[PDB]
Amino acid sequence: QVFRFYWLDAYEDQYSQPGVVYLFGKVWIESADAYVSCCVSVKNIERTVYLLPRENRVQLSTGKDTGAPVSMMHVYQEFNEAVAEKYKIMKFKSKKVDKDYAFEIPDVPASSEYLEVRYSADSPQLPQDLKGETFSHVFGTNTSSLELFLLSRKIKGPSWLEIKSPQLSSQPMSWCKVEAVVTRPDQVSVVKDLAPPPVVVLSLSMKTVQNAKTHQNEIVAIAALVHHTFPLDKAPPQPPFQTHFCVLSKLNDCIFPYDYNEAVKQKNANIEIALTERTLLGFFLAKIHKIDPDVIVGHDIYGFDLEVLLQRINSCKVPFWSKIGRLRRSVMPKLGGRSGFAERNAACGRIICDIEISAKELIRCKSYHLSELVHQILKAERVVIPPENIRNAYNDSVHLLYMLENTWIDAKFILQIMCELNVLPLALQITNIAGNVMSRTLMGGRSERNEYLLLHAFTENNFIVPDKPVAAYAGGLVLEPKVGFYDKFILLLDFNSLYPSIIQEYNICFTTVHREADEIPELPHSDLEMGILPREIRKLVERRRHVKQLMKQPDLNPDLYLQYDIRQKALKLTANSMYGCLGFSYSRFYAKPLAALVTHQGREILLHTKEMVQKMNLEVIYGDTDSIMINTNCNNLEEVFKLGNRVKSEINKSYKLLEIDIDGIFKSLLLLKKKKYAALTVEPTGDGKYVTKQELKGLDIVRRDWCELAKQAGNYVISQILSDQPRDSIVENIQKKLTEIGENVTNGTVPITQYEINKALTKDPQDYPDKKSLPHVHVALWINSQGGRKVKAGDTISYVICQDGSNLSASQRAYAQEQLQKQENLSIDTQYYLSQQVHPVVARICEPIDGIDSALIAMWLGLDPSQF
Amino acid sequence: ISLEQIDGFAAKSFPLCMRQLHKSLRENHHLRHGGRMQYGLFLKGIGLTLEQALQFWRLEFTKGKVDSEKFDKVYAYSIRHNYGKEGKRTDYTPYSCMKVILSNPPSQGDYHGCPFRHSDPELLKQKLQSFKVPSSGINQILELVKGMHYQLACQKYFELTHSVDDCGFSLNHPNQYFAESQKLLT
DNA sequence: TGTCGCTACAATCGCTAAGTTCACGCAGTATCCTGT
Ligand SMILES: Nc1nc2c(ncn2[C@H]2C[C@H](O)[C@@H](COP(=O)(O)OP(=O)(O)OP(=O)(O)O)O2)c(=O)[nH]1
Ligand code: SF4
Ligand SMILES: [Mg+2]
Ligand SMILES: [Mg+2]
């Protein structure tokens, strides 16, 4: 009679169906000998509130204190007589329950007894500011049915579920294969210690041509790759895809080449040619229904792809729209609106993966457009079809098949990127750790993850969490650097998980710090028991430490090693975000005093560590909120290691959990400013043999907002400076290279891409006020002016500042590379680059270098020293 | 020409323009630039030498309680010039009656120009009465003036003052008036 | 509809003050001017 299935996504409609939550997942049917998607509708998910009684009865209008003690019988009497009648709630279940509370609502005791009342979600919801003579507060008034269900059944991320007494739906409600109705939340349970089942992943890439008559983007091809047994706890399979399908259509007026049919047949692929975009969308929806993929992956799927799909579905009036998801509906959600909420709701029951968002979250790259990601991750070169060529493709079989195969290659690259970064396993792991829904986790962001983590923690400990909410404080201390060049050994010490360790050690928690609603609250007494937040953050830190130790194993697959590094970085960022969300104005758990206390303790620790190291007769040259740089003034590495171990032991001696470890040993350093240095990191090879690896931190060479010519020049200059060559040879080589680069720039022999400069976007190109015209924004608008996919917020744009005869400021001459290659009146501003991209960076880099000055750099660049 | 006889000329021979200029100079012992230029050119026309004019002007200007050193400093160069002694060194010619009529119009504190043109009819009548001119002669001169016949009006003055029925000459120059007066008298 | 935290550096734009040009002028001195 039981019913075991592995749930993946949950969807609730607060307005349409009250007190109903749908769980979508996979269920094993023996007959098919494979997993089949199933949907379970948990009905009658009642709504629960909590009432805080007064100490003595109080007149509502007089605001008096009659003196009559208030007990739970009186509270029930008041809610039964006044409130129940007023708000038209008929049946409710009342009980006395003792719960804990430590959050931001004044005059709420740490522990008290409340009259827990539940009633059907169809009944009206009580006002958030409700009050009465017998009670001073009502909680959980606006609690979402999904949240109530998840916290009531202690469901924490995707996992195997056991359902009791399943029933069948009168009429179909979902597009899945098996459906089941649960009459009560109590009938759903969780079973542990079973591997997740492989799921179906569908990677789709489409090509669209805009209808400038309406500027509406019409789809003309959809290349889709599918694998039906993609694992969620093992490595990605090779090849990543099992089978595939391609659908190709024609424009509104244009026609197919003569023998398109013969070429398509010779292609031997599962190509289905749709006469009209209506037929193409119908075929695509039928294919999605047949495969019923559980994880749809794509590039800009949340911003462009799904929105275009839904818009064209609406325009062509394709009957069964809801088949794009897994539930049955009739009216498509209104489009527009920020975020991908329209997309996610439209695709309810399917986990949408946007490799753009996932890549932004996991790794750091100069640009997030698909070609750059492909070159960086997969180390491959992508051929891009301009939209004009896409329009021109309906003129020959060869070009039409090339376009379709390019769509197929784009889909394959998207799937390859998803597998390489290991996006799905990491999403599953982080969702299990946090306890939220997987789709939200893959949507990006840290707030919801930490909020749900703490929700689960507190709920399991008999707490009442606050209702969802319908440089404020000091930070770290950066020591003043001793700018200069150090040719001896530098010892870098870094604290391990500093803020998490502080939270653990000092027992900082909502239930330990007695706050007050900008003074730093006192440290909690050492007598108190460990709080909830130290426990959760300790679990996260322990998981990260386990992963790091696993990374220590010798002879590991380097790709697997990089995946482990990504996972460790993700866990580190999760813990740091757990800290940060305490200081997030919009967070459910805003505890700015706690964050201020944490940062204050960090500053105190750093000051004490600096004092200790200086008291050891050792030079201190730098430190950024958890780290210290020491000048060993030694040339032997063994002695350096001995001193490092000494000082590390002395520092660790003063703490219970915080540990200091040797981050790195720099053979040479060029300390320029705060958060800006380059060093020759030393990684021992064995038997006294060490290998030197360059390491740049914060310089302009490691910023995407500089022309790659400048980056190359700075990299060479740093390489010369940090080398062991005699100083005269170093200066001579610097001068010679600078002269060569100046000649190359003057003669136009540099490749054009080296003049590109990348700047991201913060808002939509239109929403930017008329604050003159920010260079990138300028070009951004041009991109939207032209007939191509628009550039929205958070998009990198590469512009080249070029001569145009305008005698205007450089900021106002930003141009795309295609613009320069097209227009015959635009030429690269060589002087601008030589004076404002090459000179500034090298001049800043070589400030502490003897023999080099602004005038000399200008001369070797061929410029006029006058302005310098 | 001699300095002393200049007074006699001003009494009798000088035309009403130079007559008024001389009266103003002997009342004030100083002339503005326009008056100085005009009177110097006229004295050049009659024949007064550069030395004689310099001496006369120096002596007259000194009587206004001013240094003759300042005069030698300032008016010496001008007196040199108006006789064409310095600068362009051109023997600048005395003004003709047409120029005097069309020359710079005098303003308050000025006395240059042709009195017949730059004097109001009442003032001209009063001046003529002062000169004991017969009422008929004054009326004829006024009639000539009203029709803008200032040359003819001056010829009438010359006829009346010299006791000659007809002028016999077309008066077109103050120095010409001076020469005609000298011819009739001497 | 959600949107982790703070600190530091670099570049650019706006606005405004400080400074510069520099043309107003003056006090002092000088030369060269006007018609027939
Ligand atoms: N909220 C927040 N805090 C951060 C972030 N990055 C750094 N911090 C803070 C909290 C970290 O504990 C502290 C020390 O920086 P680190 O990069 O050395 O990380 P941590 O020491 O925690 O661990 P690690 O040295 O990498 O093993 O700086 C961040 O992105 N968000
Ligand atoms: S007409 Fe000639 S001479 Fe007579 S007052 Fe006039 S300017 Fe003098
Ligand atoms: Mg650290
Ligand atoms: Mg004068």
# chains A, B, ... in the order shown; residues from 1 in each chain; ligands from 1
$ closest_atom_pairs --of "chain C" --to "chain A" --cutoff "9 Å" --atoms "only C-alpha atoms (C1' of nucleotides)" --output "CSV"
residue,atom,partner,partner_atom,distance
C:1,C1',A:338,CA,5.7
C:2,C1',A:339,CA,7.3
C:3,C1',A:445,CA,8.1
C:4,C1',A:577,CA,4.5
C:5,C1',A:580,CA,4.3
C:6,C1',A:475,CA,5.0
C:7,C1',A:475,CA,7.2
C:8,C1',A:674,CA,6.7
C:9,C1',A:674,CA,8.4
C:12,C1',A:811,CA,8.2
C:13,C1',A:772,CA,8.0
$ write_last_selection --atoms "N, CA, C and O atoms (P, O5', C5', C4', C3', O3' and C1' of nucleotides)" --output "tab-separated table (two decimals), in the first residue's frame"
chain	number	residue	atom	x	y	z
C	1	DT	P	4.07	39.34	-8.28
C	1	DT	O5'	5.62	38.96	-8.42
C	1	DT	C5'	6.33	38.44	-7.30
C	1	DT	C4'	7.66	37.86	-7.72
C	1	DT	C3'	8.64	37.59	-6.58
C	1	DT	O3'	8.63	36.23	-6.19
C	1	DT	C1'	9.62	39.11	-8.14
C	2	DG	P	9.46	35.78	-4.89
C	2	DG	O5'	10.99	36.02	-5.32
C	2	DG	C5'	12.00	36.15	-4.32
C	2	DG	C4'	13.38	36.02	-4.94
C	2	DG	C3'	14.54	36.21	-3.97
C	2	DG	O3'	15.70	35.51	-4.42
C	2	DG	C1'	14.40	38.08	-5.42
C	3	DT	P	17.04	35.54	-3.53
C	3	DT	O5'	17.72	36.94	-3.90
C	3	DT	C5'	18.35	37.11	-5.16
C	3	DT	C4'	19.09	38.44	-5.22
C	3	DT	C3'	19.75	38.87	-3.93
C	3	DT	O3'	21.07	38.35	-3.85
C	3	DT	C1'	18.48	40.68	-4.85
C	4	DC	P	21.36	36.97	-3.08
C	4	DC	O5'	21.77	37.43	-1.61
C	4	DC	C5'	22.81	38.38	-1.42
C	4	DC	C4'	23.45	38.22	-0.06
C	4	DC	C3'	24.39	39.33	0.34
C	4	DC	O3'	23.69	40.43	0.89
C	4	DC	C1'	25.40	37.23	0.79
C	5	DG	P	24.27	41.91	0.73
C	5	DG	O5'	25.54	41.93	1.70
C	5	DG	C5'	25.35	41.77	3.10
C	5	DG	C4'	26.67	41.73	3.84
C	5	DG	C3'	27.61	42.88	3.56
C	5	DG	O3'	27.28	44.01	4.35
C	5	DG	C1'	28.81	40.82	3.50
C	6	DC	P	27.56	45.50	3.81
C	6	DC	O5'	29.11	45.72	4.11
C	6	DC	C5'	29.62	45.48	5.41
C	6	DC	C4'	31.13	45.44	5.40
C	6	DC	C3'	31.80	46.74	4.97
C	6	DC	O3'	32.93	47.03	5.79
C	6	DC	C1'	32.49	44.99	3.54
C	7	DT	P	33.70	48.42	5.61
C	7	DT	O5'	34.92	48.07	4.64
C	7	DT	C5'	35.92	47.17	5.08
C	7	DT	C4'	37.15	47.23	4.19
C	7	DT	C3'	37.61	48.64	3.82
C	7	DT	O3'	39.03	48.71	3.88
C	7	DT	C1'	37.14	47.42	1.85
C	8	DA	P	39.79	50.07	3.50
C	8	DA	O5'	40.17	49.85	1.97
C	8	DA	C5'	40.97	48.74	1.60
C	8	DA	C4'	41.51	48.91	0.20
C	8	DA	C3'	41.79	50.35	-0.21
C	8	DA	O3'	43.06	50.46	-0.82
C	8	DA	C1'	40.22	49.36	-1.72
C	9	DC	P	43.58	51.89	-1.35
C	9	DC	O5'	43.45	51.75	-2.93
C	9	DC	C5'	43.74	50.50	-3.53
C	9	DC	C4'	43.60	50.58	-5.03
C	9	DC	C3'	43.91	51.95	-5.63
C	9	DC	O3'	44.75	51.80	-6.76
C	9	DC	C1'	41.69	51.29	-6.21
C	12	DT	P	39.57	57.80	-17.81
C	12	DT	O5'	38.13	58.37	-17.41
C	12	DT	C5'	37.03	57.49	-17.39
C	12	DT	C4'	35.74	58.24	-17.11
C	12	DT	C3'	35.69	59.66	-17.65
C	12	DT	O3'	34.44	59.93	-18.25
C	12	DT	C1'	35.35	59.68	-15.30
C	13	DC	P	34.16	61.35	-18.95
C	13	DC	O5'	33.11	62.03	-17.96
C	13	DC	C5'	31.98	61.30	-17.52
C	13	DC	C4'	31.11	62.14	-16.62
C	13	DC	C3'	31.00	63.60	-17.03
C	13	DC	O3'	29.64	64.03	-17.02
C	13	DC	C1'	31.88	63.42	-14.80
$ residues_near_ligand --ligand "ligand 3" --cutoff "6 Å" --atoms "only C-alpha atoms (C1' of nucleotides) and all ligand atoms" --output "list in words"
residues 494, 495, 496, 497, 498 and 626 of chain A
$ write_last_selection --atoms "C-alpha atoms" --output "PDB file, in the first residue's frame"
ATOM      1  CA  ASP A 494      46.294  32.698   6.363  1.00  0.00           C
ATOM      2  CA  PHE A 495      43.551  31.763   8.787  1.00  0.00           C
ATOM      3  CA  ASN A 496      41.394  28.773   7.858  1.00  0.00           C
ATOM      4  CA  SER A 497      37.668  29.535   7.559  1.00  0.00           C
ATOM      5  CA  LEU A 498      38.122  32.631   9.680  1.00  0.00           C
ATOM      6  CA  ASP A 626      42.731  37.127   7.952  1.00  0.00           C
TER       7      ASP A 626
END
$ closest_atom_pairs --of "chain B" --to "chain C" --cutoff "8 Å" --atoms "only C-alpha atoms (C1' of nucleotides)" --output "Markdown table"
| residue | atom | partner | partner_atom | distance |
| --- | --- | --- | --- | --- |
| B:87 | CA | C:32 | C1' | 5.5 |
| B:88 | CA | C:32 | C1' | 7.6 |
| B:92 | CA | C:35 | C1' | 6.2 |
| B:93 | CA | C:35 | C1' | 5.0 |
| B:94 | CA | C:35 | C1' | 6.8 |
| B:95 | CA | C:35 | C1' | 6.6 |
$ residues_near_ligand --ligand "ligand 4" --cutoff "10 Å" --atoms "only C-alpha atoms (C1' of nucleotides) and all ligand atoms" --output "VMD selection string"
chain B and resid 31 to 34 36 74 to 75
$ atom_distance --atom1 "atom CA of residue A:244" --atom2 "atom CA of residue A:333"
29.6 Å
$ residues_near_ligand --ligand "ligand 2" --cutoff "7 Å" --atoms "only C-alpha atoms (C1' of nucleotides) and all ligand atoms" --output "ChimeraX atom specification"
/B:15-18,96-97,100-101,113-116,150-151,154,171-174,177
$ select_by_dssp --residues "stretch 4-169 of chain B" --states "alpha helix (DSSP H)" --output "ChimeraX atom specification"
/B:4-11,16-28,33-46,50-62,68-82,97-102,115-118,121-130,135-146,150-161
$ write_last_selection --atoms "C-alpha atoms" --output "JSON list (two decimals), in the first residue's frame"
[["chain", "number", "residue", "atom", "x", "y", "z"],
["B", 4, "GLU", "CA", 49.94, 145.08, -31.17],
["B", 5, "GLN", "CA", 48.07, 145.59, -34.46],
["B", 6, "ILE", "CA", 46.31, 142.24, -33.93],
["B", 7, "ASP", "CA", 44.16, 144.00, -31.32],
["B", 8, "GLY", "CA", 43.32, 146.73, -33.81],
["B", 9, "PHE", "CA", 42.36, 144.13, -36.40],
["B", 10, "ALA", "CA", 40.17, 142.34, -33.85],
["B", 11, "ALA", "CA", 38.45, 145.65, -33.15],
["B", 16, "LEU", "CA", 32.78, 138.26, -36.65],
["B", 17, "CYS", "CA", 34.19, 134.73, -36.26],
["B", 18, "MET", "CA", 37.73, 135.86, -35.46],
["B", 19, "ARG", "CA", 36.27, 138.88, -33.66],
["B", 20, "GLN", "CA", 34.49, 136.57, -31.21],
["B", 21, "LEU", "CA", 37.57, 134.36, -30.97],
["B", 22, "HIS", "CA", 39.78, 137.33, -30.04],
["B", 23, "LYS", "CA", 37.21, 138.61, -27.55],
["B", 24, "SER", "CA", 37.05, 135.19, -25.89],
["B", 25, "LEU", "CA", 40.85, 134.89, -25.82],
["B", 26, "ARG", "CA", 41.35, 138.31, -24.24],
["B", 27, "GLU", "CA", 38.57, 137.57, -21.75],
["B", 28, "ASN", "CA", 40.01, 134.16, -20.82],
["B", 33, "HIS", "CA", 41.91, 123.08, -29.01],
["B", 34, "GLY", "CA", 39.40, 123.83, -31.76],
["B", 35, "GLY", "CA", 39.55, 127.56, -31.15],
["B", 36, "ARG", "CA", 43.33, 127.49, -30.82],
["B", 37, "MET", "CA", 43.69, 125.66, -34.13],
["B", 38, "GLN", "CA", 41.28, 127.96, -35.97],
["B", 39, "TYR", "CA", 42.75, 131.18, -34.58],
["B", 40, "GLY", "CA", 46.32, 130.04, -35.19],
["B", 41, "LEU", "CA", 45.54, 129.17, -38.80],
["B", 42, "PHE", "CA", 43.83, 132.53, -39.27],
["B", 43, "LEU", "CA", 46.82, 134.36, -37.79],
["B", 44, "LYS", "CA", 48.95, 132.38, -40.22],
["B", 45, "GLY", "CA", 46.69, 133.61, -43.01],
["B", 46, "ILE", "CA", 47.03, 137.27, -42.06],
["B", 50, "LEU", "CA", 55.73, 131.42, -36.19],
["B", 51, "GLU", "CA", 57.88, 133.44, -33.78],
["B", 52, "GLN", "CA", 55.35, 136.26, -33.53],
["B", 53, "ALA", "CA", 52.42, 133.91, -32.94],
["B", 54, "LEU", "CA", 54.44, 131.92, -30.40],
["B", 55, "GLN", "CA", 55.37, 135.10, -28.51],
["B", 56, "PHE", "CA", 51.83, 136.49, -28.56],
["B", 57, "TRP", "CA", 50.23, 133.23, -27.44],
["B", 58, "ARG", "CA", 52.86, 132.70, -24.73],
["B", 59, "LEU", "CA", 52.29, 136.20, -23.37],
["B", 60, "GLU", "CA", 48.51, 135.86, -23.46],
["B", 61, "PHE", "CA", 48.45, 132.41, -21.84],
["B", 62, "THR", "CA", 50.82, 133.51, -19.08],
["B", 68, "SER", "CA", 54.98, 129.92, -19.64],
["B", 69, "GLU", "CA", 57.13, 126.82, -19.17],
["B", 70, "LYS", "CA", 54.03, 124.64, -19.47],
["B", 71, "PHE", "CA", 53.11, 126.59, -22.59],
["B", 72, "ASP", "CA", 56.52, 125.99, -24.14],
["B", 73, "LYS", "CA", 56.15, 122.33, -23.20],
["B", 74, "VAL", "CA", 52.71, 121.81, -24.77],
["B", 75, "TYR", "CA", 51.52, 124.57, -27.11],
["B", 76, "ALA", "CA", 54.98, 125.12, -28.60],
["B", 77, "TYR", "CA", 54.81, 121.83, -30.51],
["B", 78, "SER", "CA", 51.25, 122.53, -31.67],
["B", 79, "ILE", "CA", 52.10, 126.05, -32.83],
["B", 80, "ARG", "CA", 55.07, 124.54, -34.66],
["B", 81, "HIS", "CA", 52.76, 122.03, -36.31],
["B", 82, "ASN", "CA", 49.97, 124.35, -37.47],
["B", 97, "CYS", "CA", 34.16, 130.17, -44.75],
["B", 98, "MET", "CA", 32.64, 126.99, -46.16],
["B", 99, "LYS", "CA", 34.81, 124.92, -43.83],
["B", 100, "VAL", "CA", 34.00, 127.20, -40.88],
["B", 101, "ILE", "CA", 30.30, 126.65, -41.58],
["B", 102, "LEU", "CA", 30.90, 122.91, -42.04],
["B", 115, "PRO", "CA", 28.85, 133.06, -35.72],
["B", 116, "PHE", "CA", 26.21, 133.57, -38.42],
["B", 117, "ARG", "CA", 25.69, 129.79, -38.50],
["B", 118, "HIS", "CA", 26.47, 128.79, -34.89],
["B", 121, "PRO", "CA", 19.16, 134.61, -34.28],
["B", 122, "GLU", "CA", 18.53, 136.48, -31.03],
["B", 123, "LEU", "CA", 22.22, 136.32, -30.10],
["B", 124, "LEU", "CA", 23.24, 137.55, -33.56],
["B", 125, "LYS", "CA", 20.74, 140.41, -33.34],
["B", 126, "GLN", "CA", 22.08, 141.38, -29.91],
["B", 127, "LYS", "CA", 25.68, 141.27, -31.14],
["B", 128, "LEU", "CA", 24.87, 143.37, -34.21],
["B", 129, "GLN", "CA", 23.06, 145.90, -32.02],
["B", 130, "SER", "CA", 26.16, 146.04, -29.82],
["B", 135, "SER", "CA", 18.50, 148.56, -37.77],
["B", 136, "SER", "CA", 17.94, 148.15, -41.52],
["B", 137, "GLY", "CA", 21.37, 146.58, -41.93],
["B", 138, "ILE", "CA", 20.75, 144.22, -39.02],
["B", 139, "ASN", "CA", 17.40, 143.20, -40.51],
["B", 140, "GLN", "CA", 19.01, 142.56, -43.90],
["B", 141, "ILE", "CA", 21.75, 140.46, -42.28],
["B", 142, "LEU", "CA", 19.14, 138.47, -40.35],
["B", 143, "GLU", "CA", 17.15, 137.88, -43.54],
["B", 144, "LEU", "CA", 20.29, 136.66, -45.30],
["B", 145, "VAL", "CA", 21.06, 134.36, -42.36],
["B", 146, "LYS", "CA", 17.56, 132.87, -42.27],
["B", 150, "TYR", "CA", 25.92, 133.24, -44.09],
["B", 151, "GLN", "CA", 28.48, 134.21, -46.73],
["B", 152, "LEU", "CA", 26.05, 136.85, -47.99],
["B", 153, "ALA", "CA", 25.23, 137.87, -44.41],
["B", 154, "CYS", "CA", 28.93, 138.40, -43.71],
["B", 155, "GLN", "CA", 29.24, 140.37, -46.94],
["B", 156, "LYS", "CA", 26.40, 142.56, -45.67],
["B", 157, "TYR", "CA", 28.27, 143.01, -42.39],
["B", 158, "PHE", "CA", 31.41, 143.95, -44.34],
["B", 159, "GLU", "CA", 29.43, 146.44, -46.44],
["B", 160, "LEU", "CA", 27.84, 148.04, -43.36],
["B", 161, "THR", "CA", 31.00, 148.23, -41.24]]
$ atom_distance --atom1 "atom CA of residue A:119" --atom2 "atom CA of residue A:47"
5.7 Å
$ select_by_dssp --residues "stretch 478-613 of chain A" --states "strand (DSSP E)" --output "PDB file with N, CA and C atoms, in the first residue's frame"
ATOM      1  N   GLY A 484      57.195  48.092  -1.913  1.00  0.00           N
ATOM      2  CA  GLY A 484      58.558  47.918  -2.363  1.00  0.00           C
ATOM      3  C   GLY A 484      58.739  46.565  -3.025  1.00  0.00           C
ATOM      4  N   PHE A 485      60.004  46.238  -3.266  1.00  0.00           N
ATOM      5  CA  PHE A 485      60.399  44.975  -3.872  1.00  0.00           C
ATOM      6  C   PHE A 485      61.235  44.192  -2.874  1.00  0.00           C
ATOM      7  N   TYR A 486      60.848  42.944  -2.625  1.00  0.00           N
ATOM      8  CA  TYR A 486      61.539  42.071  -1.682  1.00  0.00           C
ATOM      9  C   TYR A 486      62.054  40.861  -2.449  1.00  0.00           C
ATOM     10  N   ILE A 490      59.426  35.509   1.392  1.00  0.00           N
ATOM     11  CA  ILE A 490      58.273  36.049   2.103  1.00  0.00           C
ATOM     12  C   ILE A 490      57.395  34.887   2.539  1.00  0.00           C
ATOM     13  N   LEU A 491      56.931  34.932   3.782  1.00  0.00           N
ATOM     14  CA  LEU A 491      56.110  33.879   4.361  1.00  0.00           C
ATOM     15  C   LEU A 491      54.695  34.410   4.532  1.00  0.00           C
ATOM     16  N   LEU A 492      53.732  33.743   3.905  1.00  0.00           N
ATOM     17  CA  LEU A 492      52.331  34.130   3.974  1.00  0.00           C
ATOM     18  C   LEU A 492      51.580  33.175   4.888  1.00  0.00           C
ATOM     19  N   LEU A 493      50.886  33.730   5.876  1.00  0.00           N
ATOM     20  CA  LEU A 493      50.059  32.964   6.797  1.00  0.00           C
ATOM     21  C   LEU A 493      48.614  33.395   6.615  1.00  0.00           C
ATOM     22  N   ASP A 494      47.709  32.426   6.556  1.00  0.00           N
ATOM     23  CA  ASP A 494      46.294  32.698   6.363  1.00  0.00           C
ATOM     24  C   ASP A 494      45.480  31.870   7.341  1.00  0.00           C
ATOM     25  N   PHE A 495      44.471  32.495   7.935  1.00  0.00           N
ATOM     26  CA  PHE A 495      43.551  31.763   8.787  1.00  0.00           C
ATOM     27  C   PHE A 495      42.625  30.893   7.945  1.00  0.00           C
TER      28      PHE A 495
END
$ residues_around --residues "stretch 289-292 of chain A" --least-positions-apart "6" --cutoff "10 Å" --atoms "only C-alpha atoms (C1' of nucleotides)" --output "PyMOL selection string"
chain A and resi 36-37+175-177+200-202+226-228+283+323-326+350
$ residues_around --residues "residue A:129" --least-positions-apart "6" --cutoff "10 Å" --atoms "only C-alpha atoms (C1' of nucleotides)" --output "VMD selection string"
chain A and resid 136 to 139 141
